[PDB]
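Enquirer: This block holds the first chain(s) of the complex, placed as they are in the complex; more will follow:
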Amino acid sequence: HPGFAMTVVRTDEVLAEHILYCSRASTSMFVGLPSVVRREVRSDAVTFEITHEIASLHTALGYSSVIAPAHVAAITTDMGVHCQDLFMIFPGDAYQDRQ
Amino acid sequence: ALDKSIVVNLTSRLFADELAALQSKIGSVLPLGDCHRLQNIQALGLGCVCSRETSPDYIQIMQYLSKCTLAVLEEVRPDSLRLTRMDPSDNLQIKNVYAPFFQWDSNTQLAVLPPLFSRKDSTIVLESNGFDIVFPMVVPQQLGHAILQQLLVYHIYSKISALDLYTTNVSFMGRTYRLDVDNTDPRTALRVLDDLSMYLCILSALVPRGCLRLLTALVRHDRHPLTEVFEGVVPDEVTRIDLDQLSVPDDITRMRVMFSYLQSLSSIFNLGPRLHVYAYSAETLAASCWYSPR
Amino acid sequence: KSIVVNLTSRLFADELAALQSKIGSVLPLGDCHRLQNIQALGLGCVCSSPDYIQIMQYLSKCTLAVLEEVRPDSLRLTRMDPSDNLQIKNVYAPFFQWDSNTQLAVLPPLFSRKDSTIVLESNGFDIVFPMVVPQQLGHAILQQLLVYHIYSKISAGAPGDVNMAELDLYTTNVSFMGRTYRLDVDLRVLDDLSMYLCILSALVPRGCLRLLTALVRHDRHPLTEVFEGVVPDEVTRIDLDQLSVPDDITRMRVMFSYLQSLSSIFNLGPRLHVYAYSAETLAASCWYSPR
């Protein structure tokens, strides 16, 4: 046992389902007349392109929706035992010895 | 909008075996001859320059490939092949199909290469028509230059000798791949090497004296991550140029003239055209690149 | 072609007039859509210990844009298309006095920070401007500061070899278009080209005798007979027998890789062609051709 103790910091990813509450009539929506642009004109068939472009507006003075954690899904990170080896990051900082 | 479509009429109904091999190659870039709508099958693939009876010349195939117009396959019928073509600046959809698999992402480059790793994997035959469609392969530039690196090594040393782990294998990150250079014509691959020999005994004629000394203060004194090819033994020729003193107004010219012959080596390390990818979907392997020739 | 950069906290009065000057300027931008944050524009992902080639290769893989209006609550951009006519103001620090009918380039910043970046404290992210210099000056500004970075490493270990009175006479004075420019130098940007141009500096004399003696045959190209009489006498005495053959391969698979990645970073094309310029309004109309 060397005399000094030490601490260990591990990270961990978690897939988590969520619950999103929204309140009544919080955002007003708008609708533009969508435009049909034609493109890629083949003798066999035609392709159309429709853009619906829409502006949304937030209303009164506070946040109007609150997200939540919920039932947990599978854990991505191993929660295993592995340490970041400083030999691998910084080879430039090295001993004056060669062998 | 403008039309861009190249239908290829099959003069005989192709088989059910070789119809599945073409439909596996959907969304694959292949270079054809002329820029008009109805096209013959003998001007469809790359098989006009990559034969079976003659030795394929991988420089000459790749040299041929930056001349052509390039097209993207979209539908394989038993009677026809419909292909959209590639305007020199147009956002077009493309698919990752090719069998030595390599992961793509957004903001990458791509480059169209001859079938270097396996000729037999790319060539599928139409014995119901008498022609073989030879697909190229599209490869990112950090690997795409790396095959032209390893192929120019091969035509130097195999001419010295006339061994199969250093002169042929291409080292990608974590992988090594074997090149198919068994029966090749080298007559244009030595023409590129005869063009390197002019630039390489010019770059050696004006080496700056200060950069030679920065090696000798680093190859034996300290650790740098990529100097480890050089061991503590310095080359014997570096010290036999070290013998004269340093001089700044005789090294500004030895850097400016050395600057211009490094711009000239992009005529000798060229890939084909480029495919500026701006989006990618790994669930579909369907990118969407942005074409630019030269 | 409009990109809005939202700001969730309003600007200071000192940070407002710092950007009122740089009202026309070319800025890199990591994606080409509009709903992006303050952390997206500029070279802040790579410049804020910077390295040269990672920024030079980033500019060709990027979508540049032009400021048009600086308002308090937000900012406004303009996406710059391939071959698109514009109007760009010369505002870049330090000042280089562009000429009309030139070929402007875009370089990574390599001078001091107070000319390069604007320090923002309203949101805590400092934006980084690139170096927009004419092409013939921007390559003469770097074939000397890469020479100066070599001799500041020779004189750091062997200080008797480099005269400081003659090093700061030629390397920090650039003359272009009849005008001498003195450049400001205190270089951790160019600490990779100095380690690539020197790791390539020794393999070229070994490489040309290896490659002249391999290409000897009846079908030699005729010009290489003439380009043999340029290489010096000491290079023609290299013993290639002191190395092995499986070691001699790795002095080509590494050798040519510093002749491609070192060549394809100077032939990069985020350049733009100014066709009209006025020296007192500092405005310039141009068109931008990528690669």
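Expert: Nice, I can see it. Residues are numbered from 1 along each chain as shown, chains lettered A, B, ... in the order given.
Enquirer: dump the residue contacts of residue B:124.
Expert: Residue B:124 makes contact with B:18, B:21-22, B:25, B:132-133, B:135, according to CB atoms under 8 Å, 6 or more residues apart in numbering or on different chains. Any C-beta I mention is one placed from the backbone N, CA and C, and that applies to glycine too.
Enquirer: In strands, which of these appear?
Expert: B:132-133 (DSSP state E).
Enquirer: quick one: secondary structure of residue B:265?
Expert: Of the three states, residue B:265 takes helix according to DSSP: H, G, I helix; E, B strand; the rest coil.
Enquirer: Relative to residue C:254, how far out is the nearest residue to it once chain neighbours are set aside?
Expert: Once flanking residues are discounted, residue B:265 sits nearest to residue C:263: 4.5 Å by CB to CB, 6 or more residues apart in numbering or on different chains. Going from residue C:263 to residue C:254 by CB to CB, to the nearest Å gives 15 Å.
Enquirer: Return the member of the contacts of residue B:124 nearest to residue A:50.
Expert: Using CB to CB, residue B:25 is the member of the contacts of residue B:124 that sits closest to residue A:50, with 31.9 Å.
Enquirer: Need the three-state assignment for residue 98.
Expert: All of this is about chain A. The local conformation at residue A:98, judged by three-state DSSP, is coil.
Enquirer: Oops, wrong one, chain B.
Expert: The three-state label given to residue B:98 by three-state DSSP is coil.
Enquirer: Just to check, it is in contact with residue B:138?
Expert: Yes. With contacts counted by CB atoms under 8 Å, residue B:98 reaches residue B:138, the gap being 6.7 Å.
Enquirer: So those two - more neighbours on which side?
Expert: The residue with more neighbours, out of residue B:98 and residue B:138, is residue B:138; 24 against 20, by other CB atoms under 10 Å in any protein chain shown.
Enquirer: Can you tell me the element that one falls in?
Expert: Using DSSP states H and E, residue B:138 sits within strand B:137-139.
Enquirer: For that strand, which helices and strands make contact with it?
Expert: Counting by 3 or more CB pairs under 8 Å, 6 or more residues apart in numbering or on different chains; DSSP states H and E, the packing neighbours recorded for strand B:137-139 are strand B:111-113.
Enquirer: residues in contact with the strand it packs on?
Expert: Against strand B:111-113 from outside (CB under 8 Å, 6+ apart): B:29, B:31, B:62, B:65, B:70, B:136-141, B:144, B:147, B:271-275.
Enquirer: one more, chain D:
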Amino acid sequence: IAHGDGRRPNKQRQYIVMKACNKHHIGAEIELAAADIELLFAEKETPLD
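Expert: One more piece, chain D, placed on the ones above:
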């Protein structure tokens, strides 16, 4: 709250706040064959099978 009896309010404040609309892009693609477009619109207006 109204005045009086030891109750001192922070008398009626009025904001005037200017907020911004936020645009959104929605794309879609319709493919249509050229056969059905042409047979459903012919210059001879006789009926169809």
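Enquirer: once more on the contacts of strand B:111-113, with chain D this time?
Expert: With CB under 8 Å, 6+ apart as the test, strand B:111-113 has contacts from B:29, B:31, B:62, B:65, B:70, B:136-141, B:144, B:147, B:271-275.
Enquirer: Could you say whether the nearest residue to residue A:29 once chain neighbours are set aside sits in a helix, a strand or coil?
Expert: Of all residues not flanking residue A:29 in the chain, residue A:56 sits nearest, at 5.6 Å (CB to CB, 6+ apart). Under three-state DSSP, residue A:56 falls in the strand class.
Enquirer: Touching, residue A:56 and residue D:19? I think so.
Expert: No. Checked against CB under 8 Å, the pair residue A:56 and residue D:19 is beyond contact range at 11.4 Å.
Enquirer: Tell me which of the two has more neighbours.
Expert: Taking neighbours as other CB under 10 Å, residue A:56 and residue D:19 compare with residue A:56 leading, 12 against 8.
Enquirer: So what pairs up with the more buried one in the strands?
Expert: Taking DSSP bridges as the rule, residue A:56 bridges to residue A:29, residue D:22.
Enquirer: Which stretches in chain D count as helices?
Expert: Assigned by DSSP state H, the helices in chain D fall at D:34-39.
Enquirer: What parts of it come near chain A?
Expert: Counting by CB under 8 Å from any CB of the partner chain, the residues of chain D close to chain A are D:17, D:19, D:21-34, D:37.
Enquirer: Tell me which residue lies nearest the centroid of chain A.
Expert: Closest to where the C-alpha atoms of chain A average out (CA atoms, centre = their mean) is residue A:15, at 11.3 Å.
Enquirer: Please list all residues in contact with it.
Expert: Counting by CB under 8 Å, 6+ apart, residue A:15 has contacts A:72-76.
Enquirer: Let me have those residues in JSON lines, extended by distance to residue A:63, neighbour count and secondary structure.
Expert: Below are those laid out as JSON lines (distance: CB to CB, whole Å; neighbours: other CB atoms under 10 Å in any protein chain shown; DSSP: H, G, I helix; E, B strand; the rest coil):
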{"residue": "A:72", "distance to residue A:63": "25", "neighbour count": "10", "secondary structure": "strand"}
{"residue": "A:73", "distance to residue A:63": "26", "neighbour count": "10", "secondary structure": "strand"}
{"residue": "A:74", "distance to residue A:63": "31", "neighbour count": "6", "secondary structure": "strand"}
{"residue": "A:75", "distance to residue A:63": "30", "neighbour count": "12", "secondary structure": "strand"}
{"residue": "A:76", "distance to residue A:63": "29", "neighbour count": "10", "secondary structure": "coil"}
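Enquirer: mind putting those in TSV, distance to residue A:64 included?
Expert: Formatted as TSV, these follow (distance: CB to CB, whole Å):
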residue	distance to residue A:64
A:72	27
A:73	27
A:74	32
A:75	33
A:76	32
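Enquirer: then add chain E to what we have above:
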Amino acid sequence: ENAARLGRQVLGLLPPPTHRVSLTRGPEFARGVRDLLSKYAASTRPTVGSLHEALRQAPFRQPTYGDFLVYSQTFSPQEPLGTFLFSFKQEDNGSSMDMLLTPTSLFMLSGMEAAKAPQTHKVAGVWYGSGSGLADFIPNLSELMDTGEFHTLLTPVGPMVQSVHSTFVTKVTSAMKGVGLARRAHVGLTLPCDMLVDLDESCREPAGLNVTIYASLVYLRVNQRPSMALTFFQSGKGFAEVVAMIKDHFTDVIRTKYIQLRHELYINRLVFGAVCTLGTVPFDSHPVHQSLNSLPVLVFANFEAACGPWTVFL
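Expert: With chain E now in place:
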């Protein structure tokens, strides 16, 4: 009455309106989609009115003209329209002037031999009575050819569109991008047959979409003095071939150049040539031979101009 005639001309050149199909109402969606499909079906039939509607969709990009201002003794009044233009910008003049060098005026600065150029040597002398009015305005016609820095000063511009010549100041308008419209016809770039060297001629290569024109500026010695020689090339073989094909054209020059460099070596002497990329002619649009006064001049059509940086070759 005359103001109403212009109302019919502006409202006949407007772009077509984008179809606005409302996706929120029931019957308004049915009557808007029906006018997409009653209108594509009348843009597909081979009648003349369907072809009359098909050209209003105009996705045309435009040429960007540059207005130059040249002294009248460095630029002839007898210049063919479509001549290529360079810009020499060595220093900052006291006045806002510019030096534009046509390839028949850059023949007098270079002094390349008339055995190479038999026809553009008689022309370049009859327009320029001494050749001194050009050479007086460049004080370094020996130090820019020794060190190899003349190609760093030229910027390619484009073909000529308008030449308002006067006694002392000539106004020259070029076309730096696109096809240049005269000032109305489309001006194609005109090169002499003396300078243009084809590469596509041979004794089956792909018929690509496009063919490019390059400009090579090559350093050499004549009369044991520094000179140069500018030639033009035309091929669509991609950049790796043509640089290897230009080295085959100048095989006889390099072998007669380093006879003298085998004596002595300066590092100012090694740089040899530079290849630009001028523009792109479309495929198989053959140039039409013309004559001036008898000067064989190839005039192209639909030549849109580009601009490539001078890349060294040797």
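Enquirer: The contacts of strand B:111-113 again, this time with chain E added?
Expert: So strand B:111-113 is contacted by B:29, B:31, B:62, B:65, B:70, B:136-141, B:144, B:147, B:271-275 (CB under 8 Å, 6+ apart).
Enquirer: let's see it at 6 Å
Expert: Residues lying outside strand B:111-113 but in contact with it, judged by CB atoms under 6 Å, 6 or more residues apart in numbering or on different chains, are B:136-139, B:141, B:144, B:271-272.
Enquirer: quick revisit: and what about the residue nearest to the centre of chain A, helix, strand or coil?
Expert: Going by three-state DSSP: residue A:15 is strand.
Enquirer: Look at residue 30 and say how many residues are nearby.
Expert: You didn't say which chain, so I picked chain A. Applying other CB under 10 Å, we find 12 residues neighbouring residue A:30.
Enquirer: oops, I was thinking of chain D
Expert: If we define neighbours as other CB under 10 Å, then residue D:30 has 13 of them.
Enquirer: From residue E:118, how far out is the residue lying closest to residue E:104 once chain neighbours are set aside?
Expert: Leaving aside its chain neighbours, residue E:104 sits nearest to residue E:124 (5.1 Å; criterion: CB to CB, 6+ apart). Distance of residue E:124 to residue E:118, given as CB to CB: 12 Å.
Enquirer: Residue E:28 sits in which helix or strand?
Expert: Using DSSP H and E, residue E:28 sits in helix E:26-40.
Enquirer: Flag every residue of the stretch 1-150 of chain E that's near chain C.
Expert: The stretch 1-150 of chain E has residues E:66, E:87, E:91-92 near chain C, with proximity defined as CB under 6 Å from any CB of the partner chain.
Enquirer: of all of the stretch 51-200 of chain B, which residue lies closest to chain D?
Expert: residue B:93 (11.4 Å; CB to the nearest CB).
Enquirer: So that residue versus residue C:183, what's the distance?
Expert: Here residue B:93 is placed at a distance of 47 Å from residue C:183 (CB to CB).
Enquirer: do the same with residue A:74
Expert: 57 Å.
Enquirer: what's the single longest strand in chain D?
Expert: strand D:27-33.
Enquirer: Could you confirm whether stretch B:139-156 reaches chain E?
Expert: No. Applying CB under 6 Å from any CB, one finds stretch B:139-156 out of contact with chain E, separated by at least 10.8 Å.
Enquirer: Residues in contact with that stretch: which ones?
Expert: By CB under 6 Å, 6+ apart, the list of residues contacting stretch B:139-156 reads B:108-111, B:113, B:116, B:167, B:170, B:172, B:181, B:186, B:189, B:271, C:214, C:252, C:256, C:260.
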